[PDB]
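Before any comments, here is the structure.
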Amino acid sequence: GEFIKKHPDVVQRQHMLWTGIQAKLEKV
Amino acid sequence: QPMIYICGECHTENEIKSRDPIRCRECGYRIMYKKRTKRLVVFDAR
Amino acid sequence: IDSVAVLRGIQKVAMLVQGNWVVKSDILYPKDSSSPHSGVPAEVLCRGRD
Amino acid sequence: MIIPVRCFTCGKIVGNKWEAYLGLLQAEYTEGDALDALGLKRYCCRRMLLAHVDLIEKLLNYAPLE
Amino acid sequence: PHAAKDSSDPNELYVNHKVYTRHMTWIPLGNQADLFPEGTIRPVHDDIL
Ligand SMILES: [Zn+2]
Ligand SMILES: [Zn+2]
C-alpha cells in the first residue's frame, strides 16, 4: 500500500522513465 | 631455415632465429611456445 | 528522519515497481562494470537487466 | 571433463543426453523428472548424469587464443 | 563474422563450436560405395557430443 501515501505523481514519473527505456529497448 | 614460435597471450609468430635476447615482437612478454609438429602420428582406440 | 527529504532521495537511487522500490541498475553497476563471474565475459549491458 | 560417452555399467549410450538434460533443467522440471523424461530407469544411468560436473566451460576461458 | 554486438551466447559468437558425430564423412574405398547405399554407413545416432 504505497498509495496510502499521497504522492501519485511518482507513478507518472516512473512511467515516463519506463516509456523512455522502452523506446530504447524497442530498437532491438 | 627460419624458425617460427608463438608468443604467450598474443600468439603472434615471433620469427626468431638469432642469438638475440628473446622478446616478443610487440608484447613485453618473454615466453614463447613451439608450434605443433606437422608429422602425422597414431593412436589406439582401446 | 526527514520523511520528505528521504523521499526526495529515494528517487535518486531507486524506482518503484509493483509498489516496491527497486534499486537503480546504474548505481548498482558502476560505470566500470564487466561480467565478473566464472562465465561468459561481457560488456556493461545493463540493457538486459532493465 | 566432458560427459562420458556411455554409462560405466550396463552400457547405454548417454553422450547425447547432457545437452537435452540441461535444456530440460532450463525448463525447471525436477532433476528426477528430467531423468524420467529421458528414460533413465536404471539407477546406474541416473547417477551418470546427476553426479556429473561440466568443467570444460570453466577451462576453455583459460584457453590461449590470438 | 557478423554476430550481434551484445555478444551474450557463445553459439552465435563461434562457428563449429561443438563437434558432433554427424560431422563424420564416410570414406568409401573402391566398390564399397557401389555395394552399399548412402546413410546406412554412418554413425548410428548422429547426436553424440
Ligand atoms: Zn606477444
Ligand atoms: Zn547404466
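Note that chain B carries Swiss-Prot numbering, so the residues on display, from first to last, are 13-58.
So this one's electron microscopy, 4.1 Å, going by the header.
Cβ coordinates are placed from backbone N, Cα and C, and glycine is handled just like the others.
Taken verbatim from Swiss-Prot:
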| type | residues | note |
| --- | --- | --- |
| BINDING | B:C19, B:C22, B:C36, B:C39 | Zn(2+) binding site |
| ZN_FING | B:19-39 | zinc finger |
Candidates B:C19, B:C22, B:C36, B:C39: member of the binding-site residues with the richest Cβ shell (10 Å):
B:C19
Listed in sequence order, residues not in B:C19, B:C22, B:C36, B:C39 with Cβ within 8 Å of the centre of the Zn(2+) site Cβ atoms:
B:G20, B:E21, B:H23, B:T24, B:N26, B:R37, B:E38, B:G40, B:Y41, B:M44
Suppose we call a site close when its Cβ is under 8 Å from a Cβ of chain D; which of the binding-site residues B:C19, B:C36, B:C39 are close?
none
